[PDB]
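Presented below is the structure to which this report refers.
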Amino acid sequence: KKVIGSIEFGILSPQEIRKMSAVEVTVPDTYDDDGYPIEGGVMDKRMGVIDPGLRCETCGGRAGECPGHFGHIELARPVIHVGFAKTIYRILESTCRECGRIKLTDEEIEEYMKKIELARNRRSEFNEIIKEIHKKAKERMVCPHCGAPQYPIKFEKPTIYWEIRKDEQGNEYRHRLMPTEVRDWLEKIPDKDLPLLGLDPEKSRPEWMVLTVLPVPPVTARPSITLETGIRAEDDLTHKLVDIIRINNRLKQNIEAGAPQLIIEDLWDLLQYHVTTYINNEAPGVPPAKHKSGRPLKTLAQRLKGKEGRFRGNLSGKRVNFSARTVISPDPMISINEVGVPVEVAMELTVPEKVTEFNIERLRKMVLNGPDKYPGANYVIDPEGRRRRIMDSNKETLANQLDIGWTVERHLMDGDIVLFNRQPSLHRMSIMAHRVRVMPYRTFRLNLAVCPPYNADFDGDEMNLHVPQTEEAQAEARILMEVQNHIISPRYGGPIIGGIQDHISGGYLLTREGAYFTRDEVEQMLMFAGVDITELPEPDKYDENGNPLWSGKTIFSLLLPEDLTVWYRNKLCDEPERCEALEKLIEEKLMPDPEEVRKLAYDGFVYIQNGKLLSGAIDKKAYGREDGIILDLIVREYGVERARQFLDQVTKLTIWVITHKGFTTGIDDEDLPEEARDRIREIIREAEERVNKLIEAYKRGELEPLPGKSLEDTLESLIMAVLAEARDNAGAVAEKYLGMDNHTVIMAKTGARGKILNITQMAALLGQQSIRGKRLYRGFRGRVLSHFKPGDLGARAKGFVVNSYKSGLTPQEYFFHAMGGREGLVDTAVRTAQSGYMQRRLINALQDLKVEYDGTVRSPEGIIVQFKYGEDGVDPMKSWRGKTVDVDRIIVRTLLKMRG
Amino acid sequence: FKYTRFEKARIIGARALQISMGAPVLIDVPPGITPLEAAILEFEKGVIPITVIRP
Amino acid sequence: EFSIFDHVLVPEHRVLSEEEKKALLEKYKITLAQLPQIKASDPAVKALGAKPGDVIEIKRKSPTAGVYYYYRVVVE
Amino acid sequence: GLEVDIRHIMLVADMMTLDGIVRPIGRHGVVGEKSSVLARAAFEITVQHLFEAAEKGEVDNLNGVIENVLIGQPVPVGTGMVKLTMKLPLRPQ
DNA sequence: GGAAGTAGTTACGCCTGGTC
DNA sequence: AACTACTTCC
RNA sequence: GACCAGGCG
Ligand SMILES: [Mg+2]
Ligand SMILES: [Zn+2]
Ligand SMILES: [Zn+2]
């Protein structure tokens, strides 16, 4: 067997079309009355057969097995190919009318040939040189080789060549160039002149651009379906070919009979229009060929180009077999690299497994079970290639005749590798390989930590599941695409697979100050997390009743590597003095006395020493979508299996903590005392008074413009600054008064979910609403709503919502908030469309670039793009947050390893 | 000699494909193991007959 | 007085000798057509005596590797 | 506030300034300078590229990724660059 | 250099129904 | 429509 | 089979 090494593109010669054809088509009909194809028609059986029961006259194959064969239509008068129209015009105006030479000087000929031989690798230089030669020839009036006037050639839209000659003394006339004389002009062009025109002497010929024989695409390339009504629905190509044959027959009849030249020219133009619309219906400046219904026909050009065309719709991307799709549901109790597959999908989709020495018994059992029982099989393929569906009265015999070397398409079972994909597919983590785990109900299951790579949020999301079928594909998936890898994002060199909301909040509830757990809770959480353990550590405290209690830090430390040691400040740092004291203690010797650290322990300073958590609370900094310090260190220093084990264990542990400890959000989470409410009220009152003063100053001309903008823009910017500062101050008051024991605050300060802005808008004023960065202005003249005096520029009248969500919005504020939400929702779709187009452009530009074995990055033709990838040779996925190596981390780690 | 990810994937895939067509397993494997898992066990043990060539 | 090489954006350029150019081409097993190109009308080229067909070594001053040498051929 | 590695930006800029001039990333730039005919025809303008390639008789050496996907042959990237050799006599332990 | 014309694109799936 | 980029008459 | 409309993430 061979593989395609290269494809040379050329223009088919008339003799090539005549020889390649299996029939010459003469009759403009498709089928007879009885339903059989008309001999000599567009559906002649010598071009292949598509209707079942028919037989091909060229191959002898049935429908769906005959590939299809070409036919030709000997045109009575040659026509102009629309695709090569501009090329023909350029060649015509760059070559002589009588001899056909390029009308260039011999010295210019040799110099331009030498420059053509050079700079051929890149298309742009060759194109520019061709344009220069075209300009030089076009300007010239007399052919240097033979003395002859060269009348200028005008070109309208397609296939209209119109050169202008001086009919009389001082009077010029435009003479239309019929395809016959144009083609003859093109044949007179010599072969030594073609390269300077850009044409290939062998694979192309300018005369072949004027086509006198039209190839007819095979029947299999334009199938016709019989409707349930009993009528026949033909393809657009079939209709266009029928019209072309009819008009060609009319032209041939008028030519052999003899007709006035005007009628012949009209029929010739009709045939040319038919051919042009056949090749490209949406060609510039041509009436599209419309269907009988009224829609335009889809022709060859429409068959190729477009998002629904051949290239994008059936070559780059195409529908595949052995795929499944259903809604996804959460499942924290499966590993990060596993997926829950419904029994229906597992029974439907199959994995072809060739029976060998070791899996003979299992395949025999699953053949015995058959397509009904889940651990069964659907098909059995003998070594000869004959396939047999498993059914009753077959299971026993096929199980007996399994032997060795046969193929058995078995059901999905636990451990099988599949591709899981939620397909807005932006980065390479949108498809990862998961291990199959068969589940009862009919929905896909996904671990929560793997949501961030897929951007899935269990609100109706659906994901596609593809089953690789060849052993090479299965190995490729299981080695390169498994979910254990890709924990670190290639984008920023940080953890993308980590805890999201409940893991972070439960970790904080676990490791925070004063959080203790009873013996039963500790044993249950350790068993739930999957941590292997045969003895509990010594308890930290003792209850008033003498019951032993464990600290959350000890429980968390039970699942850390015994060598890990790191310190950092997380988001819970509100008093930097305590963090500075801890850092000062650490810097003196790098191995502080554990009790001394426990004396100065703080929630805002995480300090792990030999795998024991001595200070700090679990935050988004421990593990998260970005900046997971502990997870990054575990995945970079201990491997990728250890990272997966730690991730699974910590997710289950935190889930147990948050479930059995209680985590809720109520109305009281947005409550503020009377003092905080009064402070916020005074904040808004002062802001409104300041805005009023600014407005009054601007009305009296008292205010003067800021640099770079006018008076109106100065006033607008000052007002927005004042309003934003007022919102910030009210949010600061709310932050001061709400406290850290509020669950809504807890999940916001720890990064689990929500920002400070949400709490500010929910417990204090909503703040100023804006569209496109400006204050609300769209509405009536001088106002937004008809409930405000025209010409009002005040805070409330322009979108400043003074109410919280808890306090409820007034109707005006409700409309203003609706405007803000509308602008956001409108922004989303435009942004996603623009980003998608830009990503497509970037991918199509940078697809093939790769790192060679010498370390360089090279273009497909061998051009060196980078002599060392990233200018240092480090992959961003393997880098330390963009750094080549974390020097300080390595130094501290080694010093603690040896001196410890 | 350290294999890259792609070299490891190609070696394991070729070995699994060979095993699926009757090439004897070079080690002892548990019954019921799929050919891909047998190839992965072979690679993890270290008995790798396939050698990658580099420019 | 002001040369474009004193600009912080512009890295230092230098023309390689024939021996160094041959060593470079042998090192990466490439032809001059396989190198990135710099126009002969480029200000950095004109500030030097470079002529078409010549190789320029650029001390790029990378943020990731400190220094990094990049090579460009001169074309018309 | 988006964090992207510097190396990706360097790769894009170096590919954009590989011809001695700053050229776009679209159909009139880096993509338009691709040697493969089918790769260019797959992106945006398709009939124009195919017709002009047939005019000049361009050859598609199939050295890239896109065209090898279109035809259904291994792409020369990742596992597609690995050449394997094997000594025939295998002796199980 | 205009000053118009002309052409070329404008995310990815998936589902439902209804008419040709 | 609304952008770009050519092209191409001026 | 392609056209329209409505939704889903
Ligand atoms: Mg969703
Ligand atoms: Zn046939
Ligand atoms: Zn002449």
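By order of appearance in the structure tokens: chains A, B, ..., then residues from 1 within every chain, and ligands from 1 in the order shown.
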Contacts of residue 9 in chain G within 12 Å, only C-alpha atoms (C1' of nucleotides), excl. fewer than 4 positions in-chain, as a list in words = residues 326, 327, 328, 422, 423, 424, 454, 455, 456, 457, 458, 459, 460, 461, 462 and 463 of chain A; 12, 13, 14 and 15 of chain E
File of the preceding selection, N, CA and C atoms (P, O5', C5', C4', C3', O3' and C1' of nucleotides), as a compact mmCIF listing (two decimals), in the first residue's frame:
```txt
# COMPACT_ATOMS: atom_id res chain seq x y z
N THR A 326 -24.82 13.02 26.87
CA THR A 326 -25.90 13.12 27.83
C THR A 326 -25.53 14.17 28.86
N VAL A 327 -26.49 14.49 29.74
CA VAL A 327 -26.25 15.48 30.77
C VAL A 327 -25.23 14.95 31.78
N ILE A 328 -24.42 15.86 32.32
CA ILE A 328 -23.43 15.52 33.32
C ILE A 328 -23.96 15.89 34.70
N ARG A 422 -16.36 18.63 26.76
CA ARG A 422 -17.41 19.65 26.78
C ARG A 422 -16.97 20.69 25.76
N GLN A 423 -17.76 20.84 24.70
CA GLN A 423 -17.12 21.36 23.50
C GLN A 423 -17.54 22.77 23.08
N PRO A 424 -17.47 23.76 23.96
CA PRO A 424 -16.72 24.95 23.58
C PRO A 424 -15.27 24.65 23.90
N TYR A 454 -12.84 21.87 32.26
CA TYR A 454 -13.96 21.78 31.33
C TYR A 454 -14.88 22.99 31.38
N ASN A 455 -14.78 23.81 32.43
CA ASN A 455 -15.68 24.95 32.63
C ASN A 455 -17.14 24.49 32.71
N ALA A 456 -17.35 23.34 33.34
CA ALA A 456 -18.67 22.76 33.50
C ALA A 456 -19.25 23.12 34.86
N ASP A 457 -20.57 23.36 34.89
CA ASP A 457 -21.19 23.84 36.12
C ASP A 457 -22.53 23.19 36.43
N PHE A 458 -22.83 22.02 35.86
CA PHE A 458 -23.96 21.18 36.27
C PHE A 458 -25.28 21.95 36.33
N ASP A 459 -25.53 22.79 35.33
CA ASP A 459 -26.81 23.48 35.20
C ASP A 459 -27.51 23.11 33.90
N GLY A 460 -27.40 21.85 33.50
CA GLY A 460 -27.86 21.40 32.21
C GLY A 460 -26.76 21.13 31.21
N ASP A 461 -25.51 21.10 31.65
CA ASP A 461 -24.38 20.90 30.76
C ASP A 461 -24.40 19.49 30.17
N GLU A 462 -23.96 19.39 28.92
CA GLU A 462 -23.81 18.10 28.25
C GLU A 462 -22.39 17.98 27.73
N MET A 463 -21.84 16.78 27.82
CA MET A 463 -20.48 16.51 27.36
C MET A 463 -20.48 15.27 26.47
P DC E 12 -18.02 28.25 14.39
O5' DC E 12 -18.11 27.08 15.46
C5' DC E 12 -16.92 26.47 15.94
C4' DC E 12 -17.22 25.63 17.17
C3' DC E 12 -18.36 24.66 17.01
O3' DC E 12 -17.90 23.46 16.40
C1' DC E 12 -18.49 25.76 19.12
P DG E 13 -18.87 22.63 15.42
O5' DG E 13 -20.33 22.96 15.99
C5' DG E 13 -21.30 21.94 16.12
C4' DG E 13 -21.14 21.19 17.43
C3' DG E 13 -22.41 20.56 17.97
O3' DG E 13 -22.40 19.17 17.68
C1' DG E 13 -21.54 22.11 19.56
P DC E 14 -23.52 18.54 16.72
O5' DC E 14 -24.73 18.25 17.71
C5' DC E 14 -24.47 17.69 18.98
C4' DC E 14 -25.51 18.15 19.99
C3' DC E 14 -26.94 18.08 19.50
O3' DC E 14 -27.43 16.76 19.64
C1' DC E 14 -26.54 20.09 20.74
P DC E 15 -28.47 16.18 18.56
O5' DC E 15 -29.89 16.66 19.11
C5' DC E 15 -30.24 16.43 20.46
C4' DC E 15 -31.35 17.37 20.90
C3' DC E 15 -32.56 17.39 20.00
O3' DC E 15 -33.45 16.35 20.37
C1' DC E 15 -31.96 19.61 20.72
```
Could you find all residues in chain D that DSSP calls alpha helix (DSSP H) from the backbone, and write them as a PyMOL selection string?
-> chain D and resi 6-16+37-42+47-56+66-71
Contacts of ligand 3, 6 Å or closer, only C-alpha atoms (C1' of nucleotides) and all ligand atoms, given as an MDAnalysis selection string | chainID A and resid 96 98:101 143 145:146
Selection as a count of residues only: residues within 10 Å of ligand 2 by only C-alpha atoms (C1' of nucleotides) and all ligand atoms | 26
Non-local contacts of range 6-10 of chain A (7 Å; only C-alpha atoms (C1' of nucleotides); under 6 positions in same chain excluded) as a list in words = residues 203 and 204 of chain A; 53, 54, 55, 57, 58, 59, 60, 61 and 62 of chain D
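Residues within 10 Å of residue 7 in chain E, counting only C-alpha atoms (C1' of nucleotides) and excluding same-chain residues fewer than 2 positions away, are residues 284 of chain A; 5 and 9 of chain E; 5, 6 and 7 of chain F.
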Please give the complete set of residues from range 450-517 of chain A that DSSP, run on the backbone, assigns to strand (DSSP E), formatted as a list in words.
->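 Reading the DSSP output for range 450-517 of chain A, strand (DSSP E) covers residues 462, 463, 464, 465, 466, 516 and 517 of chain A.
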Surrounding residues of residue 25 in chain B excluding itself and chain neighbours under 3 positions, 8 Å, only C-alpha atoms (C1' of nucleotides), as a list in words = residues 19, 28 and 38 of chain B; 92 of chain D
Same residues, N, CA, C and O atoms, output as a CSV table (one decimal), in the first residue's frame:
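Contents of selection20.csv, as written:
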```csv
chain,number,residue,atom,x,y,z
B,19,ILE,N,0.8,-7.2,20.5
B,19,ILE,CA,0.2,-8.2,21.4
B,19,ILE,C,-1.2,-8.6,21.0
B,19,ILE,O,-1.5,-9.8,21.0
B,28,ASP,N,4.8,-12.1,32.7
B,28,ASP,CA,3.5,-12.7,33.2
B,28,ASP,C,2.5,-11.7,33.5
B,28,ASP,O,2.8,-10.7,34.2
B,38,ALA,N,-1.5,-4.9,29.3
B,38,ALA,CA,-0.3,-5.8,29.2
B,38,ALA,C,0.9,-5.0,28.7
B,38,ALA,O,2.0,-5.2,29.2
D,92,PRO,N,10.6,-14.8,25.2
D,92,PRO,CA,10.0,-14.6,26.5
D,92,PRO,C,10.8,-15.3,27.6
D,92,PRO,O,11.4,-16.3,27.5
```
For chain D, report every residue with an atom at most 12 Å from chain E (counting only C-alpha atoms (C1' of nucleotides)), formatted as a VMD selection string.
-> chain D and resid 26 to 28 43 to 46 48
Based on the selection just made, write N, CA and C atoms of those residues as a PDB file, in the first residue's frame.
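Printed below is again.pdb as written:
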```pdb
ATOM      1  N   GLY D  26      -3.706  36.636   9.910  1.00  0.00           N
ATOM      2  CA  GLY D  26      -4.837  36.120   9.165  1.00  0.00           C
ATOM      3  C   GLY D  26      -4.491  35.666   7.766  1.00  0.00           C
ATOM      4  N   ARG D  27      -5.484  35.750   6.878  1.00  0.00           N
ATOM      5  CA  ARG D  27      -5.347  35.215   5.529  1.00  0.00           C
ATOM      6  C   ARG D  27      -4.369  36.008   4.673  1.00  0.00           C
ATOM      7  N   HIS D  28      -4.067  37.249   5.043  1.00  0.00           N
ATOM      8  CA  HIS D  28      -3.121  38.074   4.305  1.00  0.00           C
ATOM      9  C   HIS D  28      -1.758  38.129   4.977  1.00  0.00           C
ATOM     10  N   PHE D  43      -8.521  27.555   5.220  1.00  0.00           N
ATOM     11  CA  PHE D  43      -8.735  28.778   5.982  1.00  0.00           C
ATOM     12  C   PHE D  43      -9.355  29.843   5.086  1.00  0.00           C
ATOM     13  N   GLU D  44     -10.545  30.311   5.463  1.00  0.00           N
ATOM     14  CA  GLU D  44     -11.207  31.430   4.801  1.00  0.00           C
ATOM     15  C   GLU D  44     -11.351  31.209   3.300  1.00  0.00           C
ATOM     16  N   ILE D  45     -10.746  32.088   2.494  1.00  0.00           N
ATOM     17  CA  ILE D  45     -10.905  32.007   1.046  1.00  0.00           C
ATOM     18  C   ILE D  45     -10.408  30.660   0.547  1.00  0.00           C
ATOM     19  N   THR D  46     -11.282  29.936  -0.146  1.00  0.00           N
ATOM     20  CA  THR D  46     -11.007  28.569  -0.566  1.00  0.00           C
ATOM     21  C   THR D  46     -10.936  28.419  -2.076  1.00  0.00           C
ATOM     22  N   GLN D  48     -10.602  30.789  -4.342  1.00  0.00           N
ATOM     23  CA  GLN D  48      -9.541  31.641  -4.872  1.00  0.00           C
ATOM     24  C   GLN D  48      -8.185  30.964  -4.739  1.00  0.00           C
TER      25      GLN D  48
END
```
Expressed in Å to a single decimal, how great is the separation between CA of residue 70 in chain C and CA of residue 38 in chain C?
-> 11.4 Å
How many Å lie between CA of residue 22 in chain D and CA of residue 36 in chain C, rounded to one decimal?
-> 12.6 Å
Using only C-alpha atoms, which of A:390, A:43, A:334, A:479 sits nearest chain B?
-> A:479
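When CA of residue 799 in chain A is paired with CA of residue 768 in chain A, their separation reads 5.8 Å.
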Could you write out as a PyMOL selection string the residues of chain A within 7 Å of chain E, counting only C-alpha atoms (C1' of nucleotides)?
-> chain A and resi 423-425+832-833+836-837
Shell of 12 Å around residue 2 in chain G, only C-alpha atoms (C1' of nucleotides), local chain residues under 5 positions omitted, as a PyMOL selection string = (chain A and resi 235-236+295-298+308) or (chain E and resi 19-20)
File of the preceding selection, N, CA and C atoms (P, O5', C5', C4', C3', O3' and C1' of nucleotides), as a tab-separated table (two decimals), in the first residue's frame:
```tsv
chain	number	residue	atom	x	y	z
A	235	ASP	N	-30.33	16.74	-7.26
A	235	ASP	CA	-29.37	17.68	-6.72
A	235	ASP	C	-29.33	18.95	-7.57
A	236	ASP	N	-28.74	20.00	-7.00
A	236	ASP	CA	-28.59	21.25	-7.73
A	236	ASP	C	-27.66	21.08	-8.92
A	295	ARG	N	-35.21	29.66	-4.12
A	295	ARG	CA	-33.90	29.73	-3.48
A	295	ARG	C	-32.79	29.60	-4.52
A	296	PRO	N	-31.62	30.18	-4.25
A	296	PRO	CA	-30.49	29.98	-5.16
A	296	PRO	C	-29.89	28.59	-5.00
A	297	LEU	N	-29.36	28.07	-6.11
A	297	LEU	CA	-28.76	26.75	-6.11
A	297	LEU	C	-27.39	26.78	-5.44
A	298	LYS	N	-27.00	25.63	-4.89
A	298	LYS	CA	-25.67	25.45	-4.31
A	298	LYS	C	-24.83	24.69	-5.33
A	308	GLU	N	-20.21	25.53	6.29
A	308	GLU	CA	-20.95	24.32	5.96
A	308	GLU	C	-20.41	23.63	4.71
E	19	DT	P	-46.12	21.59	8.38
E	19	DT	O5'	-45.27	22.24	7.20
E	19	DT	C5'	-45.06	23.64	7.18
E	19	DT	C4'	-44.21	24.04	5.99
E	19	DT	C3'	-44.49	23.27	4.71
E	19	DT	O3'	-44.46	24.15	3.60
E	19	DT	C1'	-42.21	23.06	5.27
E	20	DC	P	-45.42	23.90	2.34
E	20	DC	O5'	-44.45	24.02	1.08
E	20	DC	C5'	-43.89	22.85	0.49
E	20	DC	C4'	-42.44	23.08	0.11
E	20	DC	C3'	-41.84	22.00	-0.77
E	20	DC	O3'	-42.10	22.29	-2.14
E	20	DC	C1'	-40.37	22.48	1.04
```
Check every residue of chain B for an atom within 10 Å of chain A, counting only C-alpha atoms, and provide those that qualify as a ChimeraX atom specification.
-> /B:5-6,8-25,28-40,54-55
I need the chosen residues saved as a tab-separated table (two decimals), in the first residue's frame, with N, CA and C atoms.
```tsv
chain	number	residue	atom	x	y	z
B	5	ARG	N	7.27	11.90	26.33
B	5	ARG	CA	5.90	11.43	26.42
B	5	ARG	C	5.46	10.77	25.12
B	6	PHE	N	5.81	11.37	23.98
B	6	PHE	CA	5.35	10.87	22.70
B	6	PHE	C	6.05	9.56	22.34
B	8	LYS	N	7.17	7.36	24.52
B	8	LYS	CA	6.55	6.36	25.39
B	8	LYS	C	5.19	5.94	24.85
B	9	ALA	N	4.38	6.91	24.42
B	9	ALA	CA	3.06	6.59	23.89
B	9	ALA	C	3.16	5.73	22.63
B	10	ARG	N	4.07	6.08	21.71
B	10	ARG	CA	4.23	5.30	20.50
B	10	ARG	C	4.71	3.89	20.81
B	11	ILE	N	5.67	3.75	21.72
B	11	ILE	CA	6.19	2.43	22.05
B	11	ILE	C	5.10	1.56	22.66
B	12	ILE	N	4.34	2.12	23.61
B	12	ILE	CA	3.29	1.35	24.26
B	12	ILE	C	2.20	0.98	23.26
B	13	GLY	N	1.83	1.92	22.38
B	13	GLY	CA	0.81	1.62	21.39
B	13	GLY	C	1.23	0.54	20.42
B	14	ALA	N	2.47	0.62	19.92
B	14	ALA	CA	2.96	-0.41	19.01
B	14	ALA	C	3.03	-1.76	19.70
B	15	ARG	N	3.48	-1.79	20.96
B	15	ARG	CA	3.57	-3.06	21.68
B	15	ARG	C	2.19	-3.66	21.91
B	16	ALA	N	1.21	-2.83	22.28
B	16	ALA	CA	-0.15	-3.32	22.47
B	16	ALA	C	-0.73	-3.84	21.16
B	17	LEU	N	-0.49	-3.12	20.06
B	17	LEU	CA	-0.97	-3.57	18.77
B	17	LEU	C	-0.35	-4.90	18.37
B	18	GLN	N	0.95	-5.07	18.64
B	18	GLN	CA	1.60	-6.35	18.36
B	18	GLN	C	1.01	-7.46	19.22
B	19	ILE	N	0.78	-7.19	20.50
B	19	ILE	CA	0.24	-8.20	21.40
B	19	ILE	C	-1.15	-8.62	20.95
B	20	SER	N	-1.96	-7.66	20.50
B	20	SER	CA	-3.31	-7.97	20.04
B	20	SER	C	-3.33	-8.85	18.79
B	21	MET	N	-2.22	-8.98	18.08
B	21	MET	CA	-2.13	-9.84	16.90
B	21	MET	C	-1.27	-11.07	17.13
B	22	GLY	N	-1.16	-11.52	18.38
B	22	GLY	CA	-0.54	-12.78	18.69
B	22	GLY	C	0.92	-12.74	19.08
B	23	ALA	N	1.52	-11.56	19.17
B	23	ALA	CA	2.90	-11.48	19.64
B	23	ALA	C	2.95	-11.87	21.11
B	24	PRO	N	3.75	-12.87	21.49
B	24	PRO	CA	3.72	-13.35	22.88
B	24	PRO	C	4.11	-12.26	23.86
B	25	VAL	N	3.46	-12.28	25.03
B	25	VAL	CA	3.79	-11.33	26.09
B	25	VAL	C	5.14	-11.69	26.68
B	28	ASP	N	4.77	-12.11	32.68
B	28	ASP	CA	3.55	-12.74	33.17
B	28	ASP	C	2.53	-11.67	33.53
B	29	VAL	N	1.29	-11.87	33.09
B	29	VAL	CA	0.24	-10.88	33.29
B	29	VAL	C	-0.96	-11.53	33.97
B	30	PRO	N	-1.73	-10.79	34.76
B	30	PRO	CA	-2.93	-11.37	35.35
B	30	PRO	C	-3.95	-11.70	34.28
B	31	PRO	N	-4.76	-12.74	34.49
B	31	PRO	CA	-5.80	-13.06	33.51
B	31	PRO	C	-6.85	-11.95	33.44
B	32	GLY	N	-7.43	-11.80	32.25
B	32	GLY	CA	-8.42	-10.76	32.01
B	32	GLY	C	-7.85	-9.41	31.66
B	33	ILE	N	-6.52	-9.26	31.68
B	33	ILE	CA	-5.90	-7.98	31.37
B	33	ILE	C	-6.09	-7.65	29.90
B	34	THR	N	-6.44	-6.39	29.61
B	34	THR	CA	-6.56	-5.97	28.23
B	34	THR	C	-5.17	-5.78	27.61
B	35	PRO	N	-5.05	-5.93	26.29
B	35	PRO	CA	-3.72	-5.83	25.67
B	35	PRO	C	-3.00	-4.52	25.96
B	36	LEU	N	-3.73	-3.41	26.04
B	36	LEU	CA	-3.10	-2.14	26.39
B	36	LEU	C	-2.51	-2.19	27.80
B	37	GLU	N	-3.24	-2.76	28.75
B	37	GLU	CA	-2.70	-2.90	30.10
B	37	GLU	C	-1.50	-3.84	30.12
B	38	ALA	N	-1.51	-4.88	29.29
B	38	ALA	CA	-0.34	-5.75	29.19
B	38	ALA	C	0.87	-4.99	28.67
B	39	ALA	N	0.68	-4.15	27.65
B	39	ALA	CA	1.78	-3.35	27.12
B	39	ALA	C	2.29	-2.37	28.16
B	40	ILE	N	1.38	-1.76	28.92
B	40	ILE	CA	1.79	-0.82	29.96
B	40	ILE	C	2.57	-1.53	31.05
B	54	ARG	N	16.67	8.44	16.72
B	54	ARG	CA	16.67	9.89	16.73
B	54	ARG	C	17.66	10.42	15.70
B	55	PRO	N	17.38	11.58	15.09
B	55	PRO	CA	18.26	12.19	14.09
B	55	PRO	C	19.63	12.55	14.66
```
Got a sec: who's within 9 Å of residue 47 in chain C, counting only C-alpha atoms (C1' of nucleotides), leaving out chain neighbours fewer than 6 positions off, as a PyMOL selection string?
-> chain C and resi 3-5
Include N, CA, C and O atoms and write out the residues we just selected as an mmCIF file, in the first residue's frame.
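In the end it all went to again-v5.cif:
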```
data_model
loop_
_atom_site.group_PDB
_atom_site.id
_atom_site.type_symbol
_atom_site.label_atom_id
_atom_site.label_comp_id
_atom_site.auth_asym_id
_atom_site.auth_seq_id
_atom_site.Cartn_x
_atom_site.Cartn_y
_atom_site.Cartn_z
ATOM 1 N N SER C 3 22.220 56.822 18.198
ATOM 2 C CA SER C 3 22.142 55.596 17.422
ATOM 3 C C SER C 3 20.972 54.762 17.922
ATOM 4 O O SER C 3 20.637 54.780 19.109
ATOM 5 N N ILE C 4 20.338 54.034 17.002
ATOM 6 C CA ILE C 4 19.191 53.225 17.386
ATOM 7 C C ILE C 4 19.576 52.110 18.348
ATOM 8 O O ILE C 4 18.703 51.549 19.018
ATOM 9 N N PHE C 5 20.864 51.770 18.441
ATOM 10 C CA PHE C 5 21.286 50.719 19.359
ATOM 11 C C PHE C 5 21.243 51.151 20.818
ATOM 12 O O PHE C 5 21.224 50.287 21.701
#
```
Which chain C residues are at most 10 Å from chain D (counting only C-alpha atoms), as a PyMOL selection string?
-> chain C and resi 35-42+62-64+72-75
